[PDB]
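**Student:** For reference, the file model-v4.cif (mmCIF, N, CA and C atoms) is included below:
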data_my_file
loop_
_atom_site.label_atom_id
_atom_site.label_comp_id
_atom_site.auth_asym_id
_atom_site.auth_seq_id
_atom_site.Cartn_x
_atom_site.Cartn_y
_atom_site.Cartn_z
N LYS S 446 4.18 -10.08 3.97
CA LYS S 446 4.14 -9.27 5.18
C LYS S 446 3.94 -7.82 4.79
N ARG S 447 3.35 -7.02 5.67
CA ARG S 447 3.25 -5.58 5.41
C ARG S 447 3.32 -4.75 6.69
N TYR S 448 4.35 -5.02 7.50
CA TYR S 448 4.53 -4.34 8.78
C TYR S 448 4.85 -2.85 8.63
N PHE S 449 5.41 -2.46 7.49
CA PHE S 449 5.83 -1.08 7.30
C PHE S 449 5.22 -0.46 6.05
N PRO S 450 5.06 0.88 6.07
CA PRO S 450 4.68 1.70 4.91
C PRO S 450 5.79 1.65 3.88
N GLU S 451 5.46 1.88 2.62
CA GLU S 451 6.49 1.87 1.58
C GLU S 451 7.62 2.86 1.93
N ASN S 452 8.85 2.46 1.61
CA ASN S 452 10.07 3.25 1.83
C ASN S 452 10.64 3.19 3.25
N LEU S 453 9.75 3.16 4.23
CA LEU S 453 10.15 3.30 5.62
C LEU S 453 11.07 2.19 6.12
N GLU S 454 10.88 0.98 5.60
CA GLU S 454 11.70 -0.17 6.01
C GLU S 454 13.16 0.05 5.64
N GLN S 455 13.39 0.71 4.51
CA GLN S 455 14.73 1.01 4.02
C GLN S 455 15.26 2.36 4.51
N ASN S 456 14.41 3.14 5.18
CA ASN S 456 14.83 4.44 5.71
C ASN S 456 15.82 4.33 6.85
N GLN S 457 16.81 5.22 6.86
CA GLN S 457 17.90 5.13 7.82
C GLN S 457 17.55 5.62 9.22
N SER S 458 16.71 6.65 9.29
CA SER S 458 16.27 7.18 10.57
C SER S 458 15.45 6.15 11.33
N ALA S 459 14.81 5.26 10.58
CA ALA S 459 13.79 4.37 11.13
C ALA S 459 14.33 3.07 11.72
N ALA S 460 15.63 2.83 11.58
CA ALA S 460 16.19 1.49 11.76
C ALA S 460 15.87 0.88 13.11
N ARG S 461 15.80 1.74 14.12
CA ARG S 461 15.56 1.30 15.49
C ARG S 461 14.17 0.69 15.62
N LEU S 462 13.19 1.42 15.11
CA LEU S 462 11.81 0.99 15.15
C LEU S 462 11.59 -0.27 14.33
N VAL S 463 12.27 -0.40 13.19
CA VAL S 463 12.09 -1.60 12.38
C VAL S 463 12.75 -2.82 13.00
N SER S 464 13.88 -2.62 13.68
CA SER S 464 14.46 -3.74 14.41
C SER S 464 13.52 -4.17 15.54
N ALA S 465 12.83 -3.21 16.15
CA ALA S 465 11.84 -3.53 17.18
C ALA S 465 10.66 -4.33 16.62
N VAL S 466 10.10 -3.85 15.52
CA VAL S 466 8.94 -4.49 14.94
C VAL S 466 9.29 -5.89 14.44
N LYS S 467 10.43 -6.01 13.77
CA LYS S 467 10.87 -7.32 13.27
C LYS S 467 11.21 -8.27 14.41
N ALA S 468 11.64 -7.72 15.54
CA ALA S 468 11.87 -8.55 16.73
C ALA S 468 10.57 -9.07 17.32
N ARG S 469 9.53 -8.23 17.33
CA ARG S 469 8.25 -8.66 17.89
C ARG S 469 7.47 -9.59 16.95
N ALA S 470 7.31 -9.16 15.70
CA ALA S 470 6.54 -9.92 14.73
C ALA S 470 7.19 -11.25 14.43
N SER S 471 6.37 -12.28 14.28
CA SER S 471 6.86 -13.62 14.02
C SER S 471 6.24 -14.15 12.74
N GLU S 472 6.72 -15.29 12.27
CA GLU S 472 6.07 -15.98 11.17
C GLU S 472 4.67 -16.39 11.64
N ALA S 473 3.70 -16.31 10.74
CA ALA S 473 2.31 -16.56 11.09
C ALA S 473 1.98 -18.05 11.11
N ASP S 474 1.99 -18.65 12.29
CA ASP S 474 1.49 -20.02 12.41
C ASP S 474 -0.01 -19.94 12.48
N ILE S 475 -0.68 -20.52 11.48
CA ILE S 475 -2.13 -20.51 11.44
C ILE S 475 -2.65 -21.29 12.65
N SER S 476 -1.85 -22.25 13.10
CA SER S 476 -2.20 -23.09 14.22
C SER S 476 -2.35 -22.26 15.48
N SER S 477 -1.35 -21.43 15.75
CA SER S 477 -1.35 -20.63 16.97
C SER S 477 -2.42 -19.54 16.93
N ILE S 478 -2.86 -19.17 15.73
CA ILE S 478 -3.91 -18.16 15.58
C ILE S 478 -5.31 -18.72 15.77
N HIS S 479 -5.56 -19.88 15.18
CA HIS S 479 -6.82 -20.58 15.47
C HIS S 479 -6.84 -20.89 16.95
N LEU S 480 -5.68 -21.22 17.49
CA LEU S 480 -5.59 -21.55 18.90
C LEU S 480 -5.93 -20.34 19.73
N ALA S 481 -5.40 -19.19 19.34
CA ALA S 481 -5.61 -17.95 20.08
C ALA S 481 -7.08 -17.58 20.04
N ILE S 482 -7.73 -17.86 18.92
CA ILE S 482 -9.17 -17.64 18.80
C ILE S 482 -10.00 -18.58 19.69
N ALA S 483 -9.68 -19.87 19.66
CA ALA S 483 -10.41 -20.86 20.45
C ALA S 483 -10.19 -20.70 21.94
N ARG S 484 -9.04 -20.15 22.33
CA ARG S 484 -8.76 -19.99 23.76
C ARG S 484 -9.70 -18.95 24.35
N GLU S 485 -10.23 -18.09 23.48
CA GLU S 485 -11.13 -17.03 23.91
C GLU S 485 -12.50 -17.50 24.37
N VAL S 486 -12.88 -18.73 24.02
CA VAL S 486 -14.15 -19.27 24.48
C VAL S 486 -13.98 -20.54 25.31
N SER S 487 -12.82 -21.17 25.19
CA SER S 487 -12.53 -22.41 25.89
C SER S 487 -12.42 -22.19 27.39
N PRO S 488 -13.05 -23.07 28.19
CA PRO S 488 -12.89 -22.99 29.64
C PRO S 488 -11.44 -23.17 30.05
N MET S 489 -11.00 -22.41 31.04
CA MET S 489 -9.62 -22.46 31.50
C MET S 489 -9.52 -23.27 32.79
N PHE S 490 -8.77 -24.37 32.75
CA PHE S 490 -8.57 -25.19 33.94
C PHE S 490 -7.19 -24.93 34.50
N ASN S 491 -6.18 -25.26 33.71
CA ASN S 491 -4.82 -24.84 34.01
C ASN S 491 -4.69 -23.32 33.78
N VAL S 492 -3.92 -22.62 34.62
CA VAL S 492 -3.81 -21.15 34.56
C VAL S 492 -2.77 -20.65 33.56
N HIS S 493 -3.20 -19.79 32.63
CA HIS S 493 -2.34 -19.24 31.57
C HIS S 493 -1.23 -18.31 32.05
N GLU S 494 -0.07 -18.40 31.40
CA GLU S 494 1.06 -17.50 31.67
C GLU S 494 1.47 -16.78 30.40
N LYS K 446 7.54 12.07 -20.96
CA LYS K 446 6.75 12.41 -19.79
C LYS K 446 7.43 13.55 -19.06
N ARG K 447 6.67 14.36 -18.33
CA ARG K 447 7.28 15.40 -17.49
C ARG K 447 6.50 15.65 -16.21
N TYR K 448 6.21 14.58 -15.48
CA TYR K 448 5.43 14.66 -14.25
C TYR K 448 6.16 15.39 -13.12
N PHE K 449 7.48 15.42 -13.18
CA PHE K 449 8.25 16.03 -12.10
C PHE K 449 9.21 17.10 -12.60
N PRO K 450 9.53 18.08 -11.74
CA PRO K 450 10.58 19.08 -11.95
C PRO K 450 11.93 18.40 -11.98
N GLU K 451 12.91 19.01 -12.63
CA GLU K 451 14.24 18.42 -12.68
C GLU K 451 14.76 18.14 -11.26
N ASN K 452 15.47 17.03 -11.12
CA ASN K 452 16.08 16.58 -9.85
C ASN K 452 15.14 15.87 -8.88
N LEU K 453 13.90 16.35 -8.82
CA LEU K 453 12.97 15.90 -7.80
C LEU K 453 12.63 14.41 -7.89
N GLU K 454 12.60 13.87 -9.10
CA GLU K 454 12.29 12.45 -9.30
C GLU K 454 13.33 11.56 -8.63
N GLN K 455 14.58 12.01 -8.64
CA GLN K 455 15.69 11.28 -8.03
C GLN K 455 15.93 11.66 -6.58
N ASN K 456 15.22 12.68 -6.09
CA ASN K 456 15.38 13.11 -4.70
C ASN K 456 14.84 12.10 -3.70
N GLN K 457 15.56 11.93 -2.59
CA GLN K 457 15.22 10.89 -1.63
C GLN K 457 14.04 11.24 -0.72
N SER K 458 13.92 12.51 -0.37
CA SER K 458 12.81 12.96 0.46
C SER K 458 11.48 12.78 -0.27
N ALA K 459 11.55 12.82 -1.59
CA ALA K 459 10.35 12.91 -2.42
C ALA K 459 9.71 11.57 -2.77
N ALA K 460 10.34 10.47 -2.38
CA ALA K 460 10.04 9.16 -2.96
C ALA K 460 8.57 8.77 -2.84
N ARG K 461 7.96 9.21 -1.75
CA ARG K 461 6.57 8.86 -1.46
C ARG K 461 5.64 9.49 -2.50
N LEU K 462 5.85 10.78 -2.72
CA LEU K 462 5.05 11.53 -3.67
C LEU K 462 5.25 11.03 -5.09
N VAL K 463 6.48 10.64 -5.44
CA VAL K 463 6.70 10.13 -6.79
C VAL K 463 6.11 8.75 -7.01
N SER K 464 6.12 7.92 -5.97
CA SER K 464 5.43 6.64 -6.09
C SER K 464 3.93 6.87 -6.26
N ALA K 465 3.40 7.90 -5.60
CA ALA K 465 1.98 8.26 -5.77
C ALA K 465 1.67 8.72 -7.20
N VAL K 466 2.48 9.64 -7.70
CA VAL K 466 2.25 10.19 -9.02
C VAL K 466 2.40 9.12 -10.09
N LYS K 467 3.44 8.30 -9.98
CA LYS K 467 3.65 7.23 -10.94
C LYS K 467 2.57 6.16 -10.86
N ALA K 468 1.98 6.00 -9.67
CA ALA K 468 0.84 5.09 -9.52
C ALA K 468 -0.41 5.63 -10.21
N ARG K 469 -0.63 6.94 -10.12
CA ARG K 469 -1.81 7.53 -10.75
C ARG K 469 -1.66 7.68 -12.27
N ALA K 470 -0.56 8.28 -12.69
CA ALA K 470 -0.33 8.55 -14.11
C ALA K 470 -0.20 7.25 -14.89
N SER K 471 -0.76 7.24 -16.08
CA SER K 471 -0.73 6.05 -16.92
C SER K 471 -0.10 6.40 -18.26
N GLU K 472 0.16 5.39 -19.08
CA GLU K 472 0.57 5.63 -20.45
C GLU K 472 -0.59 6.33 -21.17
N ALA K 473 -0.25 7.26 -22.06
CA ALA K 473 -1.25 8.08 -22.72
C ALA K 473 -1.87 7.37 -23.92
N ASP K 474 -3.04 6.77 -23.72
CA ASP K 474 -3.78 6.24 -24.86
C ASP K 474 -4.50 7.41 -25.50
N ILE K 475 -4.15 7.71 -26.74
CA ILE K 475 -4.78 8.80 -27.46
C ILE K 475 -6.26 8.49 -27.63
N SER K 476 -6.57 7.20 -27.68
CA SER K 476 -7.93 6.72 -27.87
C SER K 476 -8.79 7.15 -26.70
N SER K 477 -8.31 6.88 -25.49
CA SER K 477 -9.08 7.19 -24.29
C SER K 477 -9.20 8.70 -24.06
N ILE K 478 -8.29 9.47 -24.64
CA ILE K 478 -8.33 10.93 -24.50
C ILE K 478 -9.30 11.58 -25.48
N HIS K 479 -9.28 11.13 -26.73
CA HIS K 479 -10.30 11.57 -27.67
C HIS K 479 -11.64 11.13 -27.14
N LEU K 480 -11.67 9.96 -26.52
CA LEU K 480 -12.90 9.43 -25.98
C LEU K 480 -13.39 10.32 -24.85
N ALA K 481 -12.46 10.73 -23.99
CA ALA K 481 -12.81 11.56 -22.84
C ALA K 481 -13.33 12.90 -23.30
N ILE K 482 -12.77 13.40 -24.40
CA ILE K 482 -13.26 14.63 -25.00
C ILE K 482 -14.67 14.50 -25.60
N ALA K 483 -14.89 13.44 -26.38
CA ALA K 483 -16.19 13.22 -27.02
C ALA K 483 -17.28 12.89 -26.02
N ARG K 484 -16.92 12.32 -24.87
CA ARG K 484 -17.94 11.96 -23.89
C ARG K 484 -18.54 13.23 -23.29
N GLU K 485 -17.80 14.33 -23.40
CA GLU K 485 -18.23 15.61 -22.86
C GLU K 485 -19.39 16.26 -23.62
N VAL K 486 -19.65 15.81 -24.84
CA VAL K 486 -20.78 16.34 -25.60
C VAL K 486 -21.78 15.25 -25.98
N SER K 487 -21.34 14.00 -25.92
CA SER K 487 -22.17 12.86 -26.29
C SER K 487 -23.31 12.66 -25.30
N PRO K 488 -24.53 12.43 -25.81
CA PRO K 488 -25.65 12.11 -24.92
C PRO K 488 -25.39 10.84 -24.14
N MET K 489 -25.78 10.83 -22.87
CA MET K 489 -25.55 9.69 -22.00
C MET K 489 -26.83 8.87 -21.85
N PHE K 490 -26.79 7.61 -22.28
CA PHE K 490 -27.95 6.73 -22.15
C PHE K 490 -27.71 5.76 -21.01
N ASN K 491 -26.69 4.93 -21.16
CA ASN K 491 -26.20 4.14 -20.05
C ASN K 491 -25.47 5.06 -19.04
N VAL K 492 -25.61 4.78 -17.74
CA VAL K 492 -25.06 5.65 -16.68
C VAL K 492 -23.60 5.36 -16.34
N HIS K 493 -22.76 6.40 -16.43
CA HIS K 493 -21.31 6.29 -16.18
C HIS K 493 -20.92 5.97 -14.74
N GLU K 494 -19.88 5.16 -14.58
CA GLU K 494 -19.31 4.85 -13.26
C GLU K 494 -17.84 5.23 -13.22
#
Kindly present the structure from the file in structure tokens form.

**Tutor:**
Amino acid sequence: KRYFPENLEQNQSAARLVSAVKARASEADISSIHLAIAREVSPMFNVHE
Amino acid sequence: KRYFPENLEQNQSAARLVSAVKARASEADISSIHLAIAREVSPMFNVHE
């Protein structure tokens, strides 16, 4: 992973932002990413939420 | 080695710059330095990159 610049992850001022980023970022499922790509051209029948 | 002023290498604010300097600076090969000196007068046949 490389969500942060060097040093910043361990920086004390930054802790709030890193808890935010780590909360948003997830483990990379290749499945959900290929899926996210294919959904971009796939016809939509059921409505996405 | 003396890339940094006293104290600064251990200073916390400085860490970014010291990681930069330590990334650039290498162990001193006397060979490559004599070489760098001689290349300054040596005719160039093959083109340097």

**Student:** Just fit chain S onto chain K on all the Cα atoms, in order, by least squares, and give it as a PDB file with N, CA and C atoms, keeping the file's coordinate frame.

**Tutor:**
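selection_11.pdb, freshly written:
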ATOM      1  N   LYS S 446       7.534  12.067 -20.964  1.00  0.00           N
ATOM      2  CA  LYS S 446       6.752  12.407 -19.783  1.00  0.00           C
ATOM      3  C   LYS S 446       7.431  13.554 -19.062  1.00  0.00           C
ATOM      4  N   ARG S 447       6.671  14.356 -18.325  1.00  0.00           N
ATOM      5  CA  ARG S 447       7.283  15.399 -17.496  1.00  0.00           C
ATOM      6  C   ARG S 447       6.499  15.657 -16.211  1.00  0.00           C
ATOM      7  N   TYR S 448       6.209  14.574 -15.482  1.00  0.00           N
ATOM      8  CA  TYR S 448       5.429  14.654 -14.249  1.00  0.00           C
ATOM      9  C   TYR S 448       6.156  15.396 -13.124  1.00  0.00           C
ATOM     10  N   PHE S 449       7.483  15.425 -13.173  1.00  0.00           N
ATOM     11  CA  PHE S 449       8.256  16.028 -12.098  1.00  0.00           C
ATOM     12  C   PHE S 449       9.212  17.098 -12.608  1.00  0.00           C
ATOM     13  N   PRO S 450       9.533  18.074 -11.731  1.00  0.00           N
ATOM     14  CA  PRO S 450      10.580  19.084 -11.942  1.00  0.00           C
ATOM     15  C   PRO S 450      11.931  18.400 -11.978  1.00  0.00           C
ATOM     16  N   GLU S 451      12.905  19.012 -12.632  1.00  0.00           N
ATOM     17  CA  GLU S 451      14.240  18.416 -12.683  1.00  0.00           C
ATOM     18  C   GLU S 451      14.766  18.145 -11.258  1.00  0.00           C
ATOM     19  N   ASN S 452      15.471  17.024 -11.112  1.00  0.00           N
ATOM     20  CA  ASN S 452      16.085  16.581  -9.852  1.00  0.00           C
ATOM     21  C   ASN S 452      15.140  15.871  -8.879  1.00  0.00           C
ATOM     22  N   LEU S 453      13.906  16.347  -8.820  1.00  0.00           N
ATOM     23  CA  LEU S 453      12.969  15.898  -7.804  1.00  0.00           C
ATOM     24  C   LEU S 453      12.631  14.412  -7.880  1.00  0.00           C
ATOM     25  N   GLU S 454      12.608  13.868  -9.094  1.00  0.00           N
ATOM     26  CA  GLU S 454      12.288  12.446  -9.294  1.00  0.00           C
ATOM     27  C   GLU S 454      13.330  11.560  -8.627  1.00  0.00           C
ATOM     28  N   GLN S 455      14.581  12.007  -8.640  1.00  0.00           N
ATOM     29  CA  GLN S 455      15.693  11.282  -8.037  1.00  0.00           C
ATOM     30  C   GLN S 455      15.938  11.666  -6.575  1.00  0.00           C
ATOM     31  N   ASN S 456      15.229  12.686  -6.088  1.00  0.00           N
ATOM     32  CA  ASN S 456      15.375  13.114  -4.694  1.00  0.00           C
ATOM     33  C   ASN S 456      14.840  12.106  -3.699  1.00  0.00           C
ATOM     34  N   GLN S 457      15.555  11.935  -2.590  1.00  0.00           N
ATOM     35  CA  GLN S 457      15.222  10.896  -1.626  1.00  0.00           C
ATOM     36  C   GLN S 457      14.042  11.230  -0.721  1.00  0.00           C
ATOM     37  N   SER S 458      13.915  12.507  -0.366  1.00  0.00           N
ATOM     38  CA  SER S 458      12.807  12.954   0.462  1.00  0.00           C
ATOM     39  C   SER S 458      11.483  12.775  -0.263  1.00  0.00           C
ATOM     40  N   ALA S 459      11.546  12.813  -1.590  1.00  0.00           N
ATOM     41  CA  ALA S 459      10.349  12.909  -2.422  1.00  0.00           C
ATOM     42  C   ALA S 459       9.704  11.570  -2.769  1.00  0.00           C
ATOM     43  N   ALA S 460      10.340  10.469  -2.383  1.00  0.00           N
ATOM     44  CA  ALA S 460      10.035   9.160  -2.961  1.00  0.00           C
ATOM     45  C   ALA S 460       8.574   8.774  -2.842  1.00  0.00           C
ATOM     46  N   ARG S 461       7.961   9.203  -1.745  1.00  0.00           N
ATOM     47  CA  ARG S 461       6.572   8.864  -1.456  1.00  0.00           C
ATOM     48  C   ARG S 461       5.643   9.489  -2.489  1.00  0.00           C
ATOM     49  N   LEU S 462       5.846  10.778  -2.715  1.00  0.00           N
ATOM     50  CA  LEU S 462       5.053  11.527  -3.663  1.00  0.00           C
ATOM     51  C   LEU S 462       5.252  11.026  -5.083  1.00  0.00           C
ATOM     52  N   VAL S 463       6.475  10.631  -5.440  1.00  0.00           N
ATOM     53  CA  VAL S 463       6.703  10.136  -6.794  1.00  0.00           C
ATOM     54  C   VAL S 463       6.112   8.753  -7.010  1.00  0.00           C
ATOM     55  N   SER S 464       6.120   7.919  -5.970  1.00  0.00           N
ATOM     56  CA  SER S 464       5.432   6.641  -6.097  1.00  0.00           C
ATOM     57  C   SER S 464       3.927   6.873  -6.265  1.00  0.00           C
ATOM     58  N   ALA S 465       3.397   7.899  -5.605  1.00  0.00           N
ATOM     59  CA  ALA S 465       1.987   8.256  -5.772  1.00  0.00           C
ATOM     60  C   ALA S 465       1.672   8.722  -7.197  1.00  0.00           C
ATOM     61  N   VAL S 466       2.483   9.638  -7.703  1.00  0.00           N
ATOM     62  CA  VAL S 466       2.244  10.196  -9.016  1.00  0.00           C
ATOM     63  C   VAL S 466       2.393   9.123 -10.092  1.00  0.00           C
ATOM     64  N   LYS S 467       3.436   8.309  -9.975  1.00  0.00           N
ATOM     65  CA  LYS S 467       3.653   7.227 -10.945  1.00  0.00           C
ATOM     66  C   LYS S 467       2.565   6.166 -10.855  1.00  0.00           C
ATOM     67  N   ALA S 468       1.984   6.002  -9.672  1.00  0.00           N
ATOM     68  CA  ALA S 468       0.841   5.092  -9.525  1.00  0.00           C
ATOM     69  C   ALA S 468      -0.404   5.629 -10.212  1.00  0.00           C
ATOM     70  N   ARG S 469      -0.629   6.943 -10.118  1.00  0.00           N
ATOM     71  CA  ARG S 469      -1.812   7.528 -10.747  1.00  0.00           C
ATOM     72  C   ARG S 469      -1.667   7.677 -12.268  1.00  0.00           C
ATOM     73  N   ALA S 470      -0.563   8.288 -12.694  1.00  0.00           N
ATOM     74  CA  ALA S 470      -0.336   8.545 -14.106  1.00  0.00           C
ATOM     75  C   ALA S 470      -0.196   7.258 -14.884  1.00  0.00           C
ATOM     76  N   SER S 471      -0.759   7.236 -16.083  1.00  0.00           N
ATOM     77  CA  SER S 471      -0.728   6.056 -16.925  1.00  0.00           C
ATOM     78  C   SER S 471      -0.103   6.401 -18.264  1.00  0.00           C
ATOM     79  N   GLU S 472       0.160   5.392 -19.079  1.00  0.00           N
ATOM     80  CA  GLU S 472       0.572   5.626 -20.452  1.00  0.00           C
ATOM     81  C   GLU S 472      -0.584   6.328 -21.172  1.00  0.00           C
ATOM     82  N   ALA S 473      -0.250   7.261 -22.053  1.00  0.00           N
ATOM     83  CA  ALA S 473      -1.252   8.079 -22.718  1.00  0.00           C
ATOM     84  C   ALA S 473      -1.875   7.367 -23.916  1.00  0.00           C
ATOM     85  N   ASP S 474      -3.041   6.771 -23.719  1.00  0.00           N
ATOM     86  CA  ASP S 474      -3.788   6.245 -24.862  1.00  0.00           C
ATOM     87  C   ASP S 474      -4.505   7.406 -25.494  1.00  0.00           C
ATOM     88  N   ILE S 475      -4.152   7.708 -26.746  1.00  0.00           N
ATOM     89  CA  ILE S 475      -4.777   8.805 -27.461  1.00  0.00           C
ATOM     90  C   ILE S 475      -6.264   8.485 -27.630  1.00  0.00           C
ATOM     91  N   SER S 476      -6.569   7.193 -27.685  1.00  0.00           N
ATOM     92  CA  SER S 476      -7.922   6.723 -27.862  1.00  0.00           C
ATOM     93  C   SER S 476      -8.789   7.149 -26.694  1.00  0.00           C
ATOM     94  N   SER S 477      -8.305   6.887 -25.486  1.00  0.00           N
ATOM     95  CA  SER S 477      -9.080   7.189 -24.287  1.00  0.00           C
ATOM     96  C   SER S 477      -9.201   8.695 -24.058  1.00  0.00           C
ATOM     97  N   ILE S 478      -8.285   9.468 -24.635  1.00  0.00           N
ATOM     98  CA  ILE S 478      -8.329  10.927 -24.510  1.00  0.00           C
ATOM     99  C   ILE S 478      -9.298  11.582 -25.481  1.00  0.00           C
ATOM    100  N   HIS S 479      -9.273  11.127 -26.726  1.00  0.00           N
ATOM    101  CA  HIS S 479     -10.304  11.570 -27.676  1.00  0.00           C
ATOM    102  C   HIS S 479     -11.645  11.130 -27.133  1.00  0.00           C
ATOM    103  N   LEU S 480     -11.669   9.958 -26.523  1.00  0.00           N
ATOM    104  CA  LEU S 480     -12.907   9.435 -25.978  1.00  0.00           C
ATOM    105  C   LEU S 480     -13.386  10.322 -24.858  1.00  0.00           C
ATOM    106  N   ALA S 481     -12.467  10.730 -23.996  1.00  0.00           N
ATOM    107  CA  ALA S 481     -12.802  11.554 -22.839  1.00  0.00           C
ATOM    108  C   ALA S 481     -13.325  12.898 -23.310  1.00  0.00           C
ATOM    109  N   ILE S 482     -12.770  13.398 -24.404  1.00  0.00           N
ATOM    110  CA  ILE S 482     -13.259  14.636 -25.008  1.00  0.00           C
ATOM    111  C   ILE S 482     -14.669  14.500 -25.606  1.00  0.00           C
ATOM    112  N   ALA S 483     -14.893  13.439 -26.375  1.00  0.00           N
ATOM    113  CA  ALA S 483     -16.189  13.213 -27.013  1.00  0.00           C
ATOM    114  C   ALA S 483     -17.285  12.894 -26.018  1.00  0.00           C
ATOM    115  N   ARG S 484     -16.918  12.319 -24.872  1.00  0.00           N
ATOM    116  CA  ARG S 484     -17.937  11.965 -23.879  1.00  0.00           C
ATOM    117  C   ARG S 484     -18.541  13.233 -23.294  1.00  0.00           C
ATOM    118  N   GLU S 485     -17.792  14.331 -23.398  1.00  0.00           N
ATOM    119  CA  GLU S 485     -18.237  15.609 -22.863  1.00  0.00           C
ATOM    120  C   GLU S 485     -19.390  16.252 -23.616  1.00  0.00           C
ATOM    121  N   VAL S 486     -19.647  15.808 -24.848  1.00  0.00           N
ATOM    122  CA  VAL S 486     -20.775  16.332 -25.601  1.00  0.00           C
ATOM    123  C   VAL S 486     -21.780  15.247 -25.981  1.00  0.00           C
ATOM    124  N   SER S 487     -21.344  13.996 -25.926  1.00  0.00           N
ATOM    125  CA  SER S 487     -22.176  12.863 -26.294  1.00  0.00           C
ATOM    126  C   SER S 487     -23.313  12.663 -25.305  1.00  0.00           C
ATOM    127  N   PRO S 488     -24.538  12.431 -25.812  1.00  0.00           N
ATOM    128  CA  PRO S 488     -25.652  12.112 -24.923  1.00  0.00           C
ATOM    129  C   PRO S 488     -25.389  10.842 -24.135  1.00  0.00           C
ATOM    130  N   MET S 489     -25.784  10.829 -22.872  1.00  0.00           N
ATOM    131  CA  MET S 489     -25.555   9.686 -22.001  1.00  0.00           C
ATOM    132  C   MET S 489     -26.835   8.868 -21.851  1.00  0.00           C
ATOM    133  N   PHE S 490     -26.796   7.609 -22.284  1.00  0.00           N
ATOM    134  CA  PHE S 490     -27.951   6.728 -22.144  1.00  0.00           C
ATOM    135  C   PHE S 490     -27.711   5.766 -21.003  1.00  0.00           C
ATOM    136  N   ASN S 491     -26.691   4.936 -21.159  1.00  0.00           N
ATOM    137  CA  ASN S 491     -26.193   4.137 -20.050  1.00  0.00           C
ATOM    138  C   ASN S 491     -25.477   5.054 -19.037  1.00  0.00           C
ATOM    139  N   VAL S 492     -25.614   4.782 -17.735  1.00  0.00           N
ATOM    140  CA  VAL S 492     -25.064   5.653 -16.679  1.00  0.00           C
ATOM    141  C   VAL S 492     -23.601   5.369 -16.345  1.00  0.00           C
ATOM    142  N   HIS S 493     -22.757   6.402 -16.432  1.00  0.00           N
ATOM    143  CA  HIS S 493     -21.310   6.295 -16.182  1.00  0.00           C
ATOM    144  C   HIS S 493     -20.921   5.979 -14.741  1.00  0.00           C
ATOM    145  N   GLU S 494     -19.877   5.166 -14.583  1.00  0.00           N
ATOM    146  CA  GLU S 494     -19.312   4.852 -13.263  1.00  0.00           C
ATOM    147  C   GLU S 494     -17.843   5.227 -13.220  1.00  0.00           C
TER     148      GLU S 494
END

**Student:** What is the distance, in Å and to one decimal place, between atom C of residue 473 in chain S and atom N of residue 446 in chain S?

**Tutor:** 10.9 Å

**Student:** One decimal, Å: what's the distance from atom N of residue 458 in chain S over to atom N of residue 448 in chain K, could you say?

**Tutor:**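 Calculated distance between atom N of residue 458 in chain S and atom N of residue 448 in chain K is 28.0 Å.
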
**Student:** One number please: atom C of residue 450 in chain K to atom N of residue 452 in chain S, in Å, one decimal.

**Tutor:**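 Separating atom C of residue 450 in chain K from atom N of residue 452 in chain S is a distance of 21.2 Å.
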
**Student:** Give me the residues within 8 Å of residue 463 in chain K as a list in words, counting all atoms listed in the file and dropping any in the same chain fewer than 6 places off.

**Tutor:**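 Contacts, in chain order: residues 453, 454 and 469 of chain K.
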
**Student:** Kindly indicate which residue among S:494, S:485, S:451, S:474 lies nearest to chain K, using only C-alpha atoms for the distances.

**Tutor:**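 For chain K, the nearest of the given residues is S:451.
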
**Student:** If you run DSSP over the backbone, which residues in chain K end up helix (DSSP H, G or I)? Put them as a PyMOL selection string.

**Tutor:** chain K and resi 453-455+460-469+475-483
